[PDB]
Amino acid sequence: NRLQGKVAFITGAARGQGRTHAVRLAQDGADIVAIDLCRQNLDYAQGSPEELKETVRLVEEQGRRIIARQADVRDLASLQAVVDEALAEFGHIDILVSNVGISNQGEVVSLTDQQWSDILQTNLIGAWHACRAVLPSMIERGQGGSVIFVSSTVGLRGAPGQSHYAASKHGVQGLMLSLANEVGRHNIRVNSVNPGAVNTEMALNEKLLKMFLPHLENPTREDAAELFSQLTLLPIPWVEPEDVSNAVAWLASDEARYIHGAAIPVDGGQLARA
Amino acid sequence: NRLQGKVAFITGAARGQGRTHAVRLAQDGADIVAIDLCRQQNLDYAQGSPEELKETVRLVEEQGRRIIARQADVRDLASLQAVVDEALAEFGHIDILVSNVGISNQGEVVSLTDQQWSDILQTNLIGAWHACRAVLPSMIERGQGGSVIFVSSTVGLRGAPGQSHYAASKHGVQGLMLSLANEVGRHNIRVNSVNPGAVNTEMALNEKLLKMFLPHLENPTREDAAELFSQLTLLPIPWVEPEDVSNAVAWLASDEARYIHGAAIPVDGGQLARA
Amino acid sequence: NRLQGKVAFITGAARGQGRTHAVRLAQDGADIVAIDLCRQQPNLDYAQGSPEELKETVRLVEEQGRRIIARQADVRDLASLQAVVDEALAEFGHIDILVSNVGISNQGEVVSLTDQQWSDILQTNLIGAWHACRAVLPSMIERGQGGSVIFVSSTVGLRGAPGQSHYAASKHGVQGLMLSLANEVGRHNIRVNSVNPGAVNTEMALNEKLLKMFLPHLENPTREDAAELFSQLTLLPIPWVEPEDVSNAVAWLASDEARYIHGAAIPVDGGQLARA
Amino acid sequence: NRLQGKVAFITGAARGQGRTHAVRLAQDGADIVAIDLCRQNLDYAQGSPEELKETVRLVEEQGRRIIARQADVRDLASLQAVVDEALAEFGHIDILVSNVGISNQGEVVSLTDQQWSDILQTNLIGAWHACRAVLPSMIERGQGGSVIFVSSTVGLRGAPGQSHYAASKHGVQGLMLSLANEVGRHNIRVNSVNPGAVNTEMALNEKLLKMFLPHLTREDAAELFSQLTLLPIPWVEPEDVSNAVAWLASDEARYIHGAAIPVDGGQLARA
Ligand code: NA
Ligand code: NA
Ligand code: NA
Ligand code: NA
C-alpha cells in the first residue's frame, strides 16, 4: 500500500468528488477521517447522512478504518472537534484534502452580497479552517505530510458569470502558495489539483448548463457533452472524479515526495487550449 | 490632457496611494469622485482622515478640476451607491474606476484569526466587487466604454508567508479581474490590474509589518526597510513610489492603452522576475 | 517630448510594426537607428521590408524633426549589427532604447515542419534578438545612464500555437531571454520587458497563406474573413489591434512614467489571453 | 506494472537523468528504446558507450527488452533510423521522454554564437526532432500515447548567466503547448516535467558552481542550493523526476494534458 500507515482528512466526503477521494486513498492503504455538512441557494444534489454512511461502507470494504462525522468547514470549532477525535483514535493526520466547495451563478453587476459571502466562506475561509485545524498536529508530529487543495481551472483563469467562484479558487491558490512558504520547512508538501469540467452533479447541473446554453429549455447531459467537449483538447467531454482523486493520491505518495507549490491541471488540456 | 472630459471614481483617496491616483488623473484632465472611510481602524499604520480628504480636494481643485469627495465604506454597497448616484447627478457619467489598495495585517496560517480573514476579504475582495457593482451599470448604459483598474499587488501573483489572507484576497482580485474582463469587454470597458511590489507608503513600510520580516530587530527603521526590500528588486531601488503606480493607472485609462485588456502589470522594479 | 534626447535602436524598421515604432518613438522626441534586411525572403509568404520602404521610414522620422541613421543589416549576423552600432555610436554617442522587433514566421504542424523552418525562425527571432542585445548592451552598460530593452514578442510567447510550434518556441525563447537579461542588467538601471501583441493589422499577421491554415474550409480567404475569425478571439469588439497600439506600449515603457516597470510581459491583444 | 505493454523512447539514456527514466519505466513494465550521443564545451561528465551498456544491463535486470543505440538528436535522419528499428522490433512506440540536454555559462553580453547554436540545437531542435521522428507512427497506430518533455525550472523563470539555456527550455514549453493543441485529438497527451536543482553532474558541476559562488565542493553546492528549496533538501534526486515521468505515462494520469509539473521542492513557489 503506497499510503500504508497514513491517515487522510477529507472534506465533502458524503458524495461526489469527496467520496471518490476517500475510496481512492483507502485503496492505497490510508485510514480516513471524513466530514460533510450532510445538508441540502445551490442548484444540485449535495451530501446526505445516508450518503456519508455509504462512504463509510465503501472505505471499510477496502479493509480500512474510518471516522465519519457531520461537520461544517465554515465553522472552526466544528472542525477542531473532529480533528480532536481523529487524533485520539488514530494518533495522527498525515494528509489533508481540502475538497471542492460550492458554486452558483451570476454576472458582476447581478451577483448579491449573499452569493459572495457564501462562496468565500465555504470555498476560501473553509479551506483555511481545515488547514488551521489540522496543521498544528501535523507540525508537532514531526513526520511531515501533505496538504492538497482541490481547486479548479477557474483558480487559474477567469470565469464569466462566476466571478465570485473564480475569485474564491484564485484565493485558494494564494493560500496554497503562502502555506507552501510557511510549512515547507516542516516537510509538509502543499499543492493544488485544478480540475476543469468533471463528471459530477455539481459540475453538470442544469442551472449552470442554462447559463452557458440560455437558448435551450432543458439542457441535457448530451448538450453538456457537446458544450464541454470543445474546451478539452483530448477527445473527452470532461474528466471523471476518479482522475482528480488519482492525482490527489499520487501527490500524497513518496513517488511525489518533493513536489511542492504545484498547481496540476486535471482538465484534458482546457488551460492549454490555444 | 489625455483624460479630458472623463470622470474617475477612486477608493481610499484621503491619503497615500489613493491620493496620488486622484492627483495624477486630475493632472491629465479627469474630474474626480473620491471616497475614503476616513476612520483609523485592527491595522498598524496611519489611515485616512476627513482632514486628509479635504487636502485631497484642495490638490485636485488646484489642478483646475472638479471633485466630489465623500466619506463612504466600500464594505457596504448601499454607501457606495449613494456616492455613485450623487456623482452621476452632478457629473453625468463615471468613465474610470480605480479600485485601490485595501488593508492588511500579519499572521501565519496556523495563527490567523477568523476576524483577520473576514476583515481582509470584506475590504479587499468584496469591497472591490462592490465598487464594480456600483459603477458598472451606468458605465454600460452610457455606452461609451471606460476603464476598470484594480490596484492589486505582487502577492496577487505569488504567495506571501505570514500574509496568506492578504495574498488570498489579492489573488481573488485577479480572479475577479479576469472574469469581469470576459463579461464587459464587449461594451468596450477595459479591465486590468496594476501589481506593485514594495511601495513608499505608510501601509507597506509600517513597523509591525517590518518586524514580521525582521523579528530580531527591536525597532526596525526605514533604513532597515531599504536594506531588506532592496534585495527583492532587480533595479537598484528599495521600493517604487506611489506616483509610479498612479502613472500606470493613468496610462491604462488613456487612448494610448485603448486595447490593453485582461493584463496584470507589475510595478515592482523586477521583484516578480527575480530568479 | 517624453523621450527627448534618447536614441532608439529598432530592428525590422522598413515597414509594418517596425516603421510604426520608429515613427512613434520619433514623435516622442527620440532620434532613431533603424535596420531592416530589406530582402524578400522566399521562405516567407507575405510582403517584407524593401530599401524603398526603409527610405519612406526615414522620411517619416525626419518629418517629425528627428535624426535617423537607417541601414540595411542582417540581425542573423553579429558582425553586421556591430557595424551599425559602431556607426550609431560614432554619430549619436549613445543608444538608450533597444526595440527588438517581431521577426518572421511560416506554418507547419510538428510532424510537417522542416529543419529549415526551425533553423530560419530561431535564427531571426531568437538568436537575432540576442545579437541585438549582445551588440547594443556593452555601450549601454559602459555609459552608466541606464536604458530600456523592449522585446516585441507575441501572445504565442505566452501560449501554444497549433500549426506554428517553431514560431511559438521562438517567442517563448524571447521571454526566457527577456527574464534572464532582466536578472543580469537590472543592477545597471537597464529595464527589460516584453510587449506581446495578439492579432495585429499587418501583412505578417494577416497574410493569405496563414489565413488558409486557420480557415481550411475557405479556398481564398479575404481580410473580411480574417476579421470574422479573429474577432472571436478578442474580448474587446475589434478584429485585431493596430501596430500603432503596439508602438504606444513600447513608447510608454521607454518613458520615465514606466521607469520602474521591469520583467513585465504586457499583452496588447484586446483580451485574447484572458478569454475564458 | 502500470506501463505493461508500452514502449518508451528515451533520449540521453546513457547516464544521469536519462538512465533513471529508463530503469524507472522498465520497473513499471515498459520496454525501452534508449539513445545517447555517447561522446564527451561542457564542463561535466557526459554519456559514453560503456555507460549505455550498463543502462541496458539495469533495464534487462528488470526483465524488459531494450534497443540501445548511439544517435544524435541534432540529426533527424539519425533519429529516424533508430525509430525505424524499434518499430521493426516492437511494432510501436507509446511514450516519448525528451530528456534533458546540455548547458554552459555566460552573461548575455559574454555568450558566443557557438554557445547559443549548441544549446538550441540539442535542447530545442533536438526535442523537436524526437517528436518529428516518433509522432507519425504514434498517430497512425491510433492508440494514443504520451510525450513528456524533461524541461527545467528555467523554462518557467529567467536564469542569469544562462539566458541561452533558459531560452531553450522556454522554447521547449512553447513546443509542448503547441504540440498539445495539435495531437490532443489523437489522444496523445503532451506535458512537461520541470526539475530545479537535481543530483546530477550536469546540474552540479564545478564550472557552474563557480558562476554562482564567485568568491570560491558538493557541501558548497548543498548550502547554496538548500536556500532555493522550501522543503529541507538541497536538490531533488533524478529518481524523483523519473517518478513524475512514469506517473504521467500511466492510466492514473490519462487526462493530464498541457501541464508543466515542477519537480523542485518548492523553488518556483518561493516568495
Ligand atoms: Na475535446
Ligand atoms: Na534592488
Ligand atoms: Na472581439
Ligand atoms: Na531548503
# chains A, B, ... in the order shown; residues from 1 in each chain; ligands from 1
$ residues_around --residues "range 125-135 of chain B" --least-positions-apart "3" --cutoff "6 Å" --atoms "only C-alpha atoms" --output "ChimeraX atom specification"
/A:109 /B:74-75,77,81,99,121-122,169,173
$ write_last_selection --atoms "N, CA, C and O atoms" --output "PDB file, in the first residue's frame"
ATOM      1  N   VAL A 109     -22.447  42.542 -12.296  1.00  0.00           N
ATOM      2  CA  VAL A 109     -23.459  43.533 -11.917  1.00  0.00           C
ATOM      3  C   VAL A 109     -24.713  42.930 -11.248  1.00  0.00           C
ATOM      4  O   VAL A 109     -25.561  43.659 -10.721  1.00  0.00           O
TER       5      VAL A 109
ATOM      6  N   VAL B  74     -16.474  51.021   1.334  1.00  0.00           N
ATOM      7  CA  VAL B  74     -16.566  50.085   0.244  1.00  0.00           C
ATOM      8  C   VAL B  74     -17.127  48.753   0.694  1.00  0.00           C
ATOM      9  O   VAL B  74     -17.620  47.991  -0.099  1.00  0.00           O
ATOM     10  N   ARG B  75     -17.028  48.457   1.988  1.00  0.00           N
ATOM     11  CA  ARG B  75     -17.583  47.238   2.535  1.00  0.00           C
ATOM     12  C   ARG B  75     -19.098  47.174   2.483  1.00  0.00           C
ATOM     13  O   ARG B  75     -19.652  46.106   2.756  1.00  0.00           O
ATOM     14  N   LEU B  77     -22.425  48.143   0.249  1.00  0.00           N
ATOM     15  CA  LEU B  77     -22.858  48.514  -1.106  1.00  0.00           C
ATOM     16  C   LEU B  77     -23.742  49.755  -1.157  1.00  0.00           C
ATOM     17  O   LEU B  77     -23.587  50.598  -2.038  1.00  0.00           O
ATOM     18  N   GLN B  81     -23.354  53.157  -3.461  1.00  0.00           N
ATOM     19  CA  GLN B  81     -24.420  53.520  -4.409  1.00  0.00           C
ATOM     20  C   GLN B  81     -24.868  54.976  -4.225  1.00  0.00           C
ATOM     21  O   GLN B  81     -25.108  55.690  -5.195  1.00  0.00           O
ATOM     22  N   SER B  99      -9.981  50.795  -8.234  1.00  0.00           N
ATOM     23  CA  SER B  99     -10.286  50.058  -7.037  1.00  0.00           C
ATOM     24  C   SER B  99      -8.954  49.923  -6.384  1.00  0.00           C
ATOM     25  O   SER B  99      -8.099  49.119  -6.808  1.00  0.00           O
ATOM     26  N   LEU B 121     -10.880  40.056   3.557  1.00  0.00           N
ATOM     27  CA  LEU B 121     -11.721  39.737   2.395  1.00  0.00           C
ATOM     28  C   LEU B 121     -12.827  40.745   2.156  1.00  0.00           C
ATOM     29  O   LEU B 121     -13.142  41.113   0.978  1.00  0.00           O
ATOM     30  N   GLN B 122     -13.419  41.225   3.256  1.00  0.00           N
ATOM     31  CA  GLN B 122     -14.511  42.115   3.158  1.00  0.00           C
ATOM     32  C   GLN B 122     -14.048  43.407   2.515  1.00  0.00           C
ATOM     33  O   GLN B 122     -14.714  43.903   1.624  1.00  0.00           O
ATOM     34  N   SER B 169      -6.645  37.382  -0.762  1.00  0.00           N
ATOM     35  CA  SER B 169      -7.546  38.437  -1.101  1.00  0.00           C
ATOM     36  C   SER B 169      -7.140  39.053  -2.458  1.00  0.00           C
ATOM     37  O   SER B 169      -8.003  39.273  -3.301  1.00  0.00           O
ATOM     38  N   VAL B 173      -8.851  39.148  -6.208  1.00  0.00           N
ATOM     39  CA  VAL B 173      -9.000  40.306  -7.081  1.00  0.00           C
ATOM     40  C   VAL B 173      -8.533  39.980  -8.510  1.00  0.00           C
ATOM     41  O   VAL B 173      -9.188  40.410  -9.539  1.00  0.00           O
TER      42      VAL B 173
END
$ residues_near_ligand --ligand "ligand 4" --cutoff "10 Å" --atoms "only C-alpha atoms and all ligand atoms" --output "VMD selection string"
(chain A and resid 184 to 185 187) or (chain D and resid 222 to 235 265 to 267 270)
$ closest_residue --among "B:215, B:266, B:185, B:196" --to "ligand 3" --atoms "only C-alpha atoms and all ligand atoms"
B:185
$ closest_atom_pairs --of "chain A" --to "chain B" --cutoff "9 Å" --atoms "only C-alpha atoms" --output "Markdown table"
| residue | atom | partner | partner_atom | distance |
| --- | --- | --- | --- | --- |
| A:76 | CA | B:114 | CA | 8.5 |
| A:107 | CA | B:183 | CA | 7.2 |
| A:108 | CA | B:133 | CA | 6.3 |
| A:109 | CA | B:133 | CA | 4.8 |
| A:110 | CA | B:133 | CA | 7.6 |
| A:111 | CA | B:133 | CA | 8.3 |
| A:113 | CA | B:126 | CA | 8.1 |
| A:116 | CA | B:126 | CA | 7.2 |
| A:117 | CA | B:126 | CA | 8.3 |
| A:120 | CA | B:121 | CA | 8.5 |
| A:121 | CA | B:118 | CA | 8.8 |
| A:124 | CA | B:168 | CA | 8.2 |
| A:125 | CA | B:117 | CA | 7.1 |
| A:128 | CA | B:109 | CA | 7.4 |
| A:129 | CA | B:114 | CA | 8.7 |
| A:131 | CA | B:109 | CA | 7.3 |
| A:132 | CA | B:110 | CA | 4.8 |
| A:133 | CA | B:110 | CA | 7.9 |
| A:134 | CA | B:110 | CA | 8.9 |
| A:135 | CA | B:110 | CA | 6.8 |
| A:136 | CA | B:110 | CA | 6.7 |
| A:154 | CA | B:175 | CA | 7.8 |
| A:155 | CA | B:175 | CA | 7.1 |
| A:156 | CA | B:175 | CA | 7.6 |
| A:157 | CA | B:178 | CA | 6.7 |
| A:158 | CA | B:179 | CA | 4.1 |
| A:159 | CA | B:179 | CA | 4.8 |
| A:160 | CA | B:179 | CA | 4.7 |
| A:161 | CA | B:183 | CA | 7.3 |
| A:162 | CA | B:179 | CA | 7.3 |
| A:163 | CA | B:176 | CA | 5.2 |
| A:164 | CA | B:176 | CA | 6.9 |
| A:165 | CA | B:175 | CA | 8.7 |
| A:166 | CA | B:175 | CA | 5.4 |
| A:167 | CA | B:172 | CA | 4.1 |
| A:168 | CA | B:172 | CA | 6.0 |
| A:169 | CA | B:172 | CA | 7.5 |
| A:170 | CA | B:172 | CA | 5.1 |
| A:171 | CA | B:168 | CA | 4.1 |
| A:172 | CA | B:168 | CA | 6.4 |
| A:173 | CA | B:168 | CA | 7.3 |
| A:174 | CA | B:168 | CA | 4.4 |
| A:175 | CA | B:164 | CA | 5.2 |
| A:176 | CA | B:159 | CA | 7.5 |
| A:177 | CA | B:159 | CA | 4.3 |
| A:178 | CA | B:159 | CA | 4.0 |
| A:179 | CA | B:161 | CA | 6.6 |
| A:180 | CA | B:159 | CA | 8.0 |
| A:181 | CA | B:161 | CA | 5.5 |
| A:182 | CA | B:161 | CA | 5.5 |
$ closest_atom_pairs --of "chain D" --to "chain A" --cutoff "8 Å" --atoms "only C-alpha atoms" --output "tab-separated table"
residue	atom	partner	partner_atom	distance
D:177	CA	A:272	CA	6.3
D:178	CA	A:274	CA	7.8
D:180	CA	A:269	CA	7.4
D:181	CA	A:273	CA	6.4
D:184	CA	A:234	CA	4.6
D:185	CA	A:234	CA	5.2
D:186	CA	A:234	CA	7.3
D:187	CA	A:234	CA	5.5
D:188	CA	A:234	CA	7.7
D:189	CA	A:234	CA	7.7
D:230	CA	A:184	CA	4.9
D:231	CA	A:184	CA	4.6
D:232	CA	A:185	CA	5.7
D:236	CA	A:258	CA	6.9
D:240	CA	A:255	CA	6.9
D:243	CA	A:255	CA	5.8
D:244	CA	A:256	CA	7.1
D:252	CA	A:246	CA	5.8
D:253	CA	A:243	CA	6.9
D:254	CA	A:243	CA	7.7
D:255	CA	A:268	CA	4.8
D:256	CA	A:266	CA	5.2
D:257	CA	A:269	CA	4.7
D:258	CA	A:272	CA	5.3
D:259	CA	A:265	CA	6.4
D:260	CA	A:264	CA	7.9
D:261	CA	A:264	CA	6.8
D:262	CA	A:262	CA	6.3
D:263	CA	A:259	CA	5.3
D:264	CA	A:259	CA	6.4
D:265	CA	A:258	CA	4.7
D:266	CA	A:260	CA	4.7
D:268	CA	A:261	CA	7.2
D:269	CA	A:261	CA	5.2
D:270	CA	A:181	CA	6.3
D:271	CA	A:181	CA	6.8
$ residues_around --residues "range 60-76 of chain C" --least-positions-apart "5" --cutoff "6 Å" --atoms "only C-alpha atoms" --output "list in words"
residues 23, 26, 27, 31, 32, 33, 34, 35, 36, 37, 123, 124 and 128 of chain C
$ write_last_selection --atoms "N, CA, C and O atoms" --output "PDB file, in the first residue's frame"
ATOM      1  N   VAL C  23       8.374  55.755 -36.029  1.00  0.00           N
ATOM      2  CA  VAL C  23       7.593  56.987 -36.175  1.00  0.00           C
ATOM      3  C   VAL C  23       7.118  57.456 -34.804  1.00  0.00           C
ATOM      4  O   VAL C  23       7.243  58.628 -34.490  1.00  0.00           O
ATOM      5  N   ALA C  26       9.981  58.537 -32.512  1.00  0.00           N
ATOM      6  CA  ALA C  26      10.342  59.834 -33.075  1.00  0.00           C
ATOM      7  C   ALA C  26       9.391  60.941 -32.600  1.00  0.00           C
ATOM      8  O   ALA C  26       9.838  61.972 -32.128  1.00  0.00           O
ATOM      9  N   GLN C  27       8.092  60.708 -32.708  1.00  0.00           N
ATOM     10  CA  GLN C  27       7.093  61.686 -32.250  1.00  0.00           C
ATOM     11  C   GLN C  27       7.359  62.115 -30.813  1.00  0.00           C
ATOM     12  O   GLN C  27       7.132  63.265 -30.452  1.00  0.00           O
ATOM     13  N   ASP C  31      15.680  60.318 -31.323  1.00  0.00           N
ATOM     14  CA  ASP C  31      16.381  60.006 -32.577  1.00  0.00           C
ATOM     15  C   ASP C  31      16.482  58.502 -32.799  1.00  0.00           C
ATOM     16  O   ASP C  31      16.448  57.724 -31.838  1.00  0.00           O
ATOM     17  N   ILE C  32      16.595  58.095 -34.065  1.00  0.00           N
ATOM     18  CA  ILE C  32      16.369  56.693 -34.450  1.00  0.00           C
ATOM     19  C   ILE C  32      17.546  56.039 -35.172  1.00  0.00           C
ATOM     20  O   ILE C  32      18.109  56.624 -36.119  1.00  0.00           O
ATOM     21  N   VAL C  33      17.954  54.856 -34.699  1.00  0.00           N
ATOM     22  CA  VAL C  33      18.749  53.923 -35.529  1.00  0.00           C
ATOM     23  C   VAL C  33      17.847  52.778 -36.022  1.00  0.00           C
ATOM     24  O   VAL C  33      17.283  52.048 -35.230  1.00  0.00           O
ATOM     25  N   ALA C  34      17.687  52.676 -37.335  1.00  0.00           N
ATOM     26  CA  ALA C  34      16.703  51.783 -37.966  1.00  0.00           C
ATOM     27  C   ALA C  34      17.429  50.775 -38.843  1.00  0.00           C
ATOM     28  O   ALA C  34      18.260  51.163 -39.655  1.00  0.00           O
ATOM     29  N   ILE C  35      17.172  49.483 -38.668  1.00  0.00           N
ATOM     30  CA  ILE C  35      17.774  48.494 -39.557  1.00  0.00           C
ATOM     31  C   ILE C  35      16.675  47.597 -40.089  1.00  0.00           C
ATOM     32  O   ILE C  35      15.687  47.344 -39.412  1.00  0.00           O
ATOM     33  N   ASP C  36      16.841  47.120 -41.313  1.00  0.00           N
ATOM     34  CA  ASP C  36      15.984  46.092 -41.878  1.00  0.00           C
ATOM     35  C   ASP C  36      16.853  45.328 -42.861  1.00  0.00           C
ATOM     36  O   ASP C  36      17.791  45.923 -43.414  1.00  0.00           O
ATOM     37  N   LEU C  37      16.596  44.031 -43.028  1.00  0.00           N
ATOM     38  CA  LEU C  37      17.284  43.209 -44.028  1.00  0.00           C
ATOM     39  C   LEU C  37      17.024  43.745 -45.437  1.00  0.00           C
ATOM     40  O   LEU C  37      17.922  43.662 -46.297  1.00  0.00           O
ATOM     41  N   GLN C 123      16.882  31.472 -35.881  1.00  0.00           N
ATOM     42  CA  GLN C 123      17.973  32.358 -36.243  1.00  0.00           C
ATOM     43  C   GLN C 123      17.528  33.827 -36.195  1.00  0.00           C
ATOM     44  O   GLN C 123      18.196  34.654 -35.566  1.00  0.00           O
ATOM     45  N   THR C 124      16.384  34.144 -36.833  1.00  0.00           N
ATOM     46  CA  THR C 124      15.900  35.531 -36.889  1.00  0.00           C
ATOM     47  C   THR C 124      15.238  35.982 -35.605  1.00  0.00           C
ATOM     48  O   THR C 124      15.522  37.103 -35.135  1.00  0.00           O
ATOM     49  N   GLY C 128      18.733  36.256 -33.318  1.00  0.00           N
ATOM     50  CA  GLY C 128      18.771  37.648 -33.751  1.00  0.00           C
ATOM     51  C   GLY C 128      18.498  38.636 -32.661  1.00  0.00           C
ATOM     52  O   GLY C 128      19.205  39.632 -32.546  1.00  0.00           O
TER      53      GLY C 128
END
$ closest_atom_pairs --of "chain C" --to "ligand 3" --cutoff "9 Å" --atoms "only C-alpha atoms and all ligand atoms" --output "tab-separated table"
residue	atom	partner	partner_atom_place_in_ligand_line	distance
C:230	CA	ligand 3	1 (Na)	7.4
C:231	CA	ligand 3	1 (Na)	4.1
C:232	CA	ligand 3	1 (Na)	5.1
C:233	CA	ligand 3	1 (Na)	5.9
C:234	CA	ligand 3	1 (Na)	3.9
C:235	CA	ligand 3	1 (Na)	4.4
C:236	CA	ligand 3	1 (Na)	4.6
C:237	CA	ligand 3	1 (Na)	4.0
C:238	CA	ligand 3	1 (Na)	5.0
C:239	CA	ligand 3	1 (Na)	6.2
C:240	CA	ligand 3	1 (Na)	8.2
C:270	CA	ligand 3	1 (Na)	7.4
C:271	CA	ligand 3	1 (Na)	8.3
C:272	CA	ligand 3	1 (Na)	8.5
$ interface_residues --of "chain C" --to "chain A" --cutoff "9 Å" --atoms "only C-alpha atoms" --output "count of residues only"
9
$ select_by_dssp --residues "range 8-252 of chain A" --states "strand (DSSP E)" --output "PyMOL selection string"
chain A and resi 8-10+31-36+66-70+95-98+145-150+188-195
$ write_last_selection --atoms "N, CA, C and O atoms" --output "compact mmCIF listing (two decimals), in the first residue's frame"
# COMPACT_ATOMS: atom_id res chain seq x y z
N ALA A 8 -5.76 10.18 6.29
CA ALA A 8 -6.20 11.29 5.39
C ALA A 8 -7.50 11.92 5.88
O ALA A 8 -8.50 11.23 6.10
N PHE A 9 -7.47 13.22 6.12
CA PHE A 9 -8.67 14.02 6.42
C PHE A 9 -9.29 14.62 5.11
O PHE A 9 -8.65 15.40 4.40
N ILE A 10 -10.54 14.27 4.82
CA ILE A 10 -11.21 14.62 3.53
C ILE A 10 -12.50 15.35 3.83
O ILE A 10 -13.30 14.84 4.61
N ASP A 31 -6.07 5.11 6.22
CA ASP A 31 -7.27 5.26 7.02
C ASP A 31 -7.82 6.68 6.83
O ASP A 31 -7.10 7.58 6.39
N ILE A 32 -9.11 6.86 7.10
CA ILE A 32 -9.83 8.07 6.67
C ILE A 32 -10.56 8.74 7.82
O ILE A 32 -11.18 8.04 8.67
N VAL A 33 -10.48 10.07 7.84
CA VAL A 33 -11.34 10.94 8.64
C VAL A 33 -12.17 11.74 7.58
O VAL A 33 -11.61 12.44 6.71
N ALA A 34 -13.48 11.58 7.64
CA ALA A 34 -14.39 12.04 6.61
C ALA A 34 -15.39 12.95 7.25
O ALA A 34 -15.98 12.57 8.26
N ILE A 35 -15.57 14.14 6.68
CA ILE A 35 -16.64 15.04 7.11
C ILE A 35 -17.48 15.54 5.92
O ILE A 35 -17.04 15.59 4.77
N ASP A 36 -18.72 15.91 6.22
CA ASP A 36 -19.60 16.51 5.25
C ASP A 36 -20.65 17.26 6.05
O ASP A 36 -21.01 16.85 7.13
N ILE A 66 -12.25 4.11 9.40
CA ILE A 66 -12.79 5.45 9.05
C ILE A 66 -13.57 6.09 10.20
O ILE A 66 -14.37 5.42 10.83
N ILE A 67 -13.36 7.39 10.42
CA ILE A 67 -14.20 8.22 11.28
C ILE A 67 -14.92 9.17 10.36
O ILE A 67 -14.26 9.92 9.61
N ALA A 68 -16.24 9.10 10.35
CA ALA A 68 -17.06 9.94 9.50
C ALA A 68 -17.96 10.75 10.40
O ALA A 68 -18.70 10.17 11.22
N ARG A 69 -17.91 12.08 10.27
CA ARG A 69 -18.74 12.98 11.09
C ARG A 69 -19.38 14.08 10.24
O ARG A 69 -18.76 14.64 9.32
N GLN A 70 -20.64 14.39 10.56
CA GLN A 70 -21.28 15.62 10.17
C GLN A 70 -20.43 16.73 10.76
O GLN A 70 -20.26 16.76 11.95
N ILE A 95 -2.45 13.52 5.81
CA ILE A 95 -2.87 14.03 4.53
C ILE A 95 -4.13 14.85 4.77
O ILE A 95 -5.09 14.34 5.34
N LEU A 96 -4.13 16.11 4.32
CA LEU A 96 -5.33 16.95 4.30
C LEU A 96 -5.81 17.20 2.87
O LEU A 96 -5.02 17.68 2.05
N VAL A 97 -7.05 16.85 2.56
CA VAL A 97 -7.64 17.05 1.24
C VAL A 97 -8.78 18.06 1.41
O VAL A 97 -9.82 17.74 1.96
N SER A 98 -8.54 19.28 0.99
CA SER A 98 -9.49 20.38 1.13
C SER A 98 -10.24 20.37 -0.16
O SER A 98 -9.77 20.92 -1.17
N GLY A 145 4.05 15.57 5.94
CA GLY A 145 2.71 15.24 5.47
C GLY A 145 2.35 15.98 4.19
O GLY A 145 3.22 16.55 3.50
N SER A 146 1.07 16.01 3.86
CA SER A 146 0.63 16.60 2.58
C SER A 146 -0.64 17.41 2.74
O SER A 146 -1.58 16.97 3.38
N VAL A 147 -0.68 18.61 2.15
CA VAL A 147 -1.90 19.38 2.05
C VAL A 147 -2.19 19.53 0.58
O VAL A 147 -1.36 20.09 -0.20
N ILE A 148 -3.28 18.91 0.17
CA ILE A 148 -3.78 19.01 -1.22
C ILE A 148 -5.06 19.84 -1.31
O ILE A 148 -6.11 19.51 -0.74
N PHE A 149 -4.98 20.95 -2.02
CA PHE A 149 -6.17 21.80 -2.23
C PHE A 149 -6.84 21.38 -3.53
O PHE A 149 -6.17 21.37 -4.57
N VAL A 150 -8.12 20.95 -3.45
CA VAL A 150 -8.88 20.63 -4.65
C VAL A 150 -9.53 21.94 -5.13
O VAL A 150 -10.49 22.46 -4.54
N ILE A 188 6.11 19.43 4.99
CA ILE A 188 4.69 19.35 4.70
C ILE A 188 4.58 19.95 3.34
O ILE A 188 4.81 21.14 3.14
N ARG A 189 4.27 19.10 2.37
CA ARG A 189 4.11 19.49 0.99
C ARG A 189 2.70 20.02 0.72
O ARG A 189 1.71 19.47 1.20
N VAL A 190 2.59 21.12 -0.03
CA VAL A 190 1.34 21.84 -0.23
C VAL A 190 1.25 22.08 -1.70
O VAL A 190 2.17 22.67 -2.28
N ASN A 191 0.17 21.62 -2.31
CA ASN A 191 -0.04 21.65 -3.77
C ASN A 191 -1.55 21.81 -4.08
O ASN A 191 -2.41 21.59 -3.19
N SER A 192 -1.91 22.21 -5.31
CA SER A 192 -3.33 22.12 -5.73
C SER A 192 -3.51 21.14 -6.89
O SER A 192 -2.59 20.92 -7.65
N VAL A 193 -4.70 20.56 -6.99
CA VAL A 193 -5.17 19.94 -8.21
C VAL A 193 -6.33 20.85 -8.75
O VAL A 193 -7.17 21.38 -7.99
N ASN A 194 -6.34 21.03 -10.07
CA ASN A 194 -7.17 22.05 -10.69
C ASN A 194 -7.99 21.43 -11.80
O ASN A 194 -7.59 21.48 -12.96
N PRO A 195 -9.10 20.79 -11.42
CA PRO A 195 -9.92 20.14 -12.46
C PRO A 195 -10.69 21.14 -13.31
O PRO A 195 -11.04 22.21 -12.84
$ interface_residues --of "chain C" --to "chain D" --cutoff "10 Å" --atoms "only C-alpha atoms" --output "PyMOL selection string"
chain C and resi 77-78+109-115+118-119+122-123+126-127+130-131+133-138+141+156-185+263
